[PDB]
Amino acid sequence: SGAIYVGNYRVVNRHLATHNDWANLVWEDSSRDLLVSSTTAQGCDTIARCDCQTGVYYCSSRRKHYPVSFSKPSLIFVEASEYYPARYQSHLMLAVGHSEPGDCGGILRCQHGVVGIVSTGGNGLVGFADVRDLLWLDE
Ligand SMILES: NC(=O)[C@H]1CCCN(C(=O)Cc2ncc3ccc(Br)cn23)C1
Ligand SMILES: [Zn+2]
């Protein structure tokens, strides 16, 4: 679990969005596993606007942060799950690092700010949904 809180927005994994997220919907994209909802309070986070390919993510299943080298956002095949049919997920970045079911929502950061959130993984890989192209989160 986990979310990004920036301005009057909350960014979560679309498959973990709550009834309240859907009632306050701003934007969602199944192909990215992202949903953005509106908030009443001002958020604590800031968003990176960069092309970094290294950073640090939070791994809830280890209660620890780990450094990672990750691929640029791209279209990557994701096998069927209870939440989605077998499909290509867009704007996804992969890295070698531990993740297991339950780690979705952990934040990836570089020196410029928040880069994305954990969205998939397995077998020593971790995959992050990128948010750096969503320039409207800043206004
Ligand atoms: N983005 C998606 O389509 C995910 C929706 C939830 C389901 N998806 C998964 O990957 C579930 C899953 N099985 C093994 C692992 C290991 C690490 C992590 Br993080 C998640 N994992 C796929
Ligand atoms: Zn950066």
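Spatial offset of region 61-85 relative to region 1-41 amounts to 18 Å, using the alpha carbon center of each.
Shape class for region 45-139, computed from the alpha carbon gyration tensor (a ≥ b ≥ c): oblate, with a/c not under 1.5 and a/b at or below b/c. Considered as an equivalent ellipsoid built on the Cα gyration tensor, region 3-44 has semi-axes of 16, 10, 8 Å, the largest given first. Per residue, the chain reaches -500 deg cm²/dmol at 222 nm when only DSSP H runs of four or more residues are counted, each adding -39500 (n - 2.57). The charge dipole of the chain, taken about its Cα centre with unit charges on the Cβ of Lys, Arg, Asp and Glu (plus for the first two, minus for the last two), comes to roughly 360 debye.
Of the residues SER81, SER31, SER60, the one that moves most in a GNM of the chain with alpha-carbon contacts below 10 Å is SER81.
Taking every C-alpha pair closer than 8 Å and separated by at least 6 residues, the mean separation divided by the residue count of the chain gives a relative contact order of 25 percent.
Most fluctuating residue of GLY122, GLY97, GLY106 in a GNM of the chain with Cα springs under 10 Å: which is it? With Cα springs under 10 Å in the chain, the top fluctuation among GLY122, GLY97, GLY106 is at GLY122. For the chain, a Gaussian network of Cα nodes joined below 10 Å ranks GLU100, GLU82, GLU28 by mean-square fluctuation, and the top entry is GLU82.
For neighbour counting, all protein chains shown are included, and Cβ atoms are generated from backbone atoms with ideal geometry for every residue, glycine included. No lab work stands behind these numbers, since they all come straight from the coordinates.
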